[PDB]
Amino acid sequence: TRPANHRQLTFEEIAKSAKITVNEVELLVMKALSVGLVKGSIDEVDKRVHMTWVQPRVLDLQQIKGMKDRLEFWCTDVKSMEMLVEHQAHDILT
Amino acid sequence: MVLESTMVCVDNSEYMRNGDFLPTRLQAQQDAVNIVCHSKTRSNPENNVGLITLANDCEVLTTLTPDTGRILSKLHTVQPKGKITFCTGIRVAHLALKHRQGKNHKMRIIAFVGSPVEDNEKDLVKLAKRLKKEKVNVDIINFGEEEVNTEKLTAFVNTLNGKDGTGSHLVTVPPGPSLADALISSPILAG
Amino acid sequence: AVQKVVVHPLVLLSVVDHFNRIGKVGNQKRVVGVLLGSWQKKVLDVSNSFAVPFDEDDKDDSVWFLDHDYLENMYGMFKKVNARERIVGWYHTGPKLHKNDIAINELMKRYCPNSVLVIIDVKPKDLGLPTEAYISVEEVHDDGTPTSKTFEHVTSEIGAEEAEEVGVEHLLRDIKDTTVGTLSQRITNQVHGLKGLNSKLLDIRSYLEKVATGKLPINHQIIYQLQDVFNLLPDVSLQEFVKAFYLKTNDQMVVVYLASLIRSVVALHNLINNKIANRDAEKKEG
Amino acid sequence: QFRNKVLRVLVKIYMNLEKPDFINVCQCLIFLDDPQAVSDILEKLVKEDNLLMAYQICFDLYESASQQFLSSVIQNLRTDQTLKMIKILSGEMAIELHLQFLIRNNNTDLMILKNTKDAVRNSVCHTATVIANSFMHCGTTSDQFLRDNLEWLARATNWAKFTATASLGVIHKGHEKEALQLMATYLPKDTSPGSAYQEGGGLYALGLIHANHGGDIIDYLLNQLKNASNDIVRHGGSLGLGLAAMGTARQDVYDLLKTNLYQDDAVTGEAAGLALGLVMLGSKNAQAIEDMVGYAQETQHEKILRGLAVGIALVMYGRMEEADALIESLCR
Amino acid sequence: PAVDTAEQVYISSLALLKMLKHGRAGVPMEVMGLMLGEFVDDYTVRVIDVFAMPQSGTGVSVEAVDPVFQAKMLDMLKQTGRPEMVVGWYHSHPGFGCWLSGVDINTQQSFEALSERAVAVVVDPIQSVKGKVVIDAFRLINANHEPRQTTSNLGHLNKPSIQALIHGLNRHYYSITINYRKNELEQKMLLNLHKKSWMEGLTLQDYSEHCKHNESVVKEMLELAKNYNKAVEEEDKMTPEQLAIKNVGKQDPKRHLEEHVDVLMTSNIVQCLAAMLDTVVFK
Ligand SMILES: [Zn+2]
């Protein structure tokens, strides 16, 4: 659920969501990592977990359309840069 | 004397287990295609004959080859299994004898239907008209006697040779335990 | 398992010739044939090929015919002419995989157990290599359950011997532009790479549009791979990444600046020499 | 566009004068491509007693105006002086006068040709010296060199004989008074029969004699080409017919040449393409361009391709910026 | 009755590559094969394909061992869509240039007797280099006059080689121009051969290795600059002739500095531009 740019959960949040005390959060996250559900690290000093990859899941058509929109943005950026390079270097590449 | 590229469509279906027609319909049909291949070779030394099975979907065993030893040898290990797909088999045979070695040769298909055909009348007549346009003759043997009648086959042959074409044939053999080679006399001589 | 397939230019040009001749004959869309070659410990090498009679019904994906007797005869003759080449796979010019390809591959596996399919697009409306290599593999699912025979991609590249390279370079007097410098390093990449990436993303977008509207059903594996891609997309606003990027850019520009200074000094040297020569020549002529 | 406007203003200024400069006005009108004005001016001059103006103007028009421009001025006039003027625009008088001038002033040194003939040692130089003689005597009606060196000319064979026969037409440039019998005498019937090269050269020579000025020769060559059987004869006839009909978009000639082209023969095809270009010269006929370019892209004969390559450029003659699309496509 | 000099032999890309590959494979011998094609007009002899045949011989001669193979190959190619029949033969002369010997002339005589316009093609593999391929087409002259008629300049554009002239060119045989007409698909495939994958273009280059290479080249440029300073002090105490031989067996600091500058500029500019392009494209 968390967006890719933050994707940095905290011990209290995990405890509240999973109905377990803050102490067991580390063991829960380590079990997840060991099994292979999520990938990341644990920073006890700052009391945070940096999740970098969660297992793929089945998505509905609304989420597929969201992925399509994101692809549209990505393709627009690619085309913009291609046009920039072509226009600026037309002199050397004709 | 007439050049002819004749592809044989043999039926290795599960109804060939039946022993009604001599020592198993498989062996009866083996002898039948033996006599037919020998007859074609004797009729013309340059004549070329091949082999196709009408198993679950289809299988081409020996494309047009002037010799018959390879065809007969491959005929062994034709153990029966599966259903019969008449339309697909005949289409594959049509393609194979469209890709002939010699284009002056004529085109023929000898089919051994020893099992019911599940193709409707409309598809079979459509195939008949297509083959008539492409100038193919289809000699059909109503082997097996699973219906021993115009089991959507007389319509096929009549559509083929319509308007006094007298090119195709339909020899229907009774379950009489008489060698299928002994029974066949129309296509071999009076073709 | 194949790690790479090397397709020599003669194979490609022979495929083109086969396609052209069958097309001149008429009434055909795809061409098929055999790929003779050799093995180099998981690095294939396709060196030669020969045509094979082949026909198919444009409606039924189950009425197709391949003359394996002719295949065997021509393979015997090719072996008699060059022993070191043995059947390795089959090729077809169809723009994309057809549904009869697994059946044809099963037929050819009786001549080469590790048969490799190579699709050669003789009319490439794209920007990339013309060869795509596939190997038949059994796929075991978790919900798709029945294990089907699917085609798995294998890296394909074009290599050449010395004679083939010489011949291709001689024939390449159509449009020759080497310019190995920054010009080629800007055209062969950058522009080409961005265009190809846009093409692939457009293909993904078209498939996603079809899925969302409802023309095609959902493929959980494709959706999972797309999730992985979008996860891999990096973030370029991180302070650490920005700082590292600036550091490396500064180093590269240091080297560039030193090179430009060397260039300027050399240019000045040339100007001084030229002026000396011209002044001396004028003095001597006077 | 601005040049045309300025030329129109100049024409108006010429008109509004005590003694208008009708000659310069006709030049500017040729530039503007307005045969109506020149026809009107000629009509006014005849209505007056300025036959000298009329004759000089018509001479200048024939000498420096296009055939379509001349034809319109000959159709506007039509719909004793008028017959005389039209005979000037039709070009008969000018051709005859030039022929007379060249016949009378015919200073040419035959010693140089004799030296070249003696030095000749191969077929290439033989055909070269035949061509050089034709160039030297173009329009002079004289064939003394060929007449005296008859046994030396017989060495030429094949296309050398073709060129040798066409040299006669080159020499007799404009000698249209009696060309049919003049060529028949050189190419006698039932005399050494079986020289397709000679017959084709004769047709080519008639075309060269009547170059840019056809008439009955167009129809004669059309019939001869239709009845032709040998490829050499067809090639010579195509070249001659193209030269005769040069500039006149005659659909019958175009269709006959197109059929000869589609016959798909190299020797016939080259001449057919060149003749199509010559016939539909200047005109931007989309049909002609389409047919020629399509056949160039469809044929498998480099000779036909060469002929059509010249023909297309001839077709697009004159048109400055109307040729951009074709130029770009052909270059690509 | 002419045989003109504007006649050309059209060799397909496939035929040329097959010929060169077989010839190079048989480097010491004169390996040989047949050419299939059509006789289009009197100004074209189209060669569309060639196939080698079973042959055996020494470094002084090569001969075919079976004709059954040739017949069967012709039939089995016709069956797959190549009805073209033999129009000549090709064999390789490894390093002797292009010409025909006595045995070659006898073979060409047999081929001429069969078909009037049959041609022989000699391809020399080892003398061929990347840009150019040494290949020529030949036909014989009877015991007569001039062998051919010239109706154009196309024939006289090749300047026959001294070796061919010594070995009998224009006396026992004459050459025919070779042309390489191609179709659209052949052109496109030849152009596409060298095209690389798109990802290779955007792929970056290990920064450790890149920095190491930059460091190495700059360190080299330092010594080159020392030597350049030393060399600049010369070129005034040097004879106008002595300058040319001054750079024989001795390094040229100016040239090496220019080369290093070019390589460094290309590498660094490409890397920076690729880095920026990726920075934008990938989020
Ligand atoms: Zn030799």
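Any value given below was found using the heavy atoms of this structure, including those in side chains, with hydrogens, waters and symmetry copies removed. Chain letters run A, B, ... following the sequence lines, proteins first and then strands; every chain starts at 1. Read the numbers this way: they start at 1 and go in the same order the structure lists the ligands and their atoms.
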* Asked: So is D:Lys303 actually on top of E:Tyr43's ring, under 6.0 Å and inside 45° of the axis?
  -> yes
Near the Zn ion (ligand 1) (protein N/O/S, cut-off 2.8 Å, waters excluded) we have E:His91 NE2, E:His93 NE2, E:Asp104 OD1, E:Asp104 OD2
Here the gap from E:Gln108 atom CD to E:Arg139 atom CZ, rounded to the nearest 0.5 Å, amounts to 8.0 Å
Can we call the ring centroids of D:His235 and D:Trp159 under 6.0 Å apart?
yes
| query | Can you tell me if E:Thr150 and E:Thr5 form a side-chain donor-acceptor pair at under 3.5 Å? | reply | no
Would C:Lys79 pass as a cation-pi partner of C:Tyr75, given that its NZ or CZ must be under 6.0 Å from the six-membered ring centre and within 45 degrees of the axis?
yes
- [ ] Check whether the side chains of E:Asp41 and D:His301 place a donor and an acceptor atom closer than 3.5 Å, and report yes or no.
- [x] yes
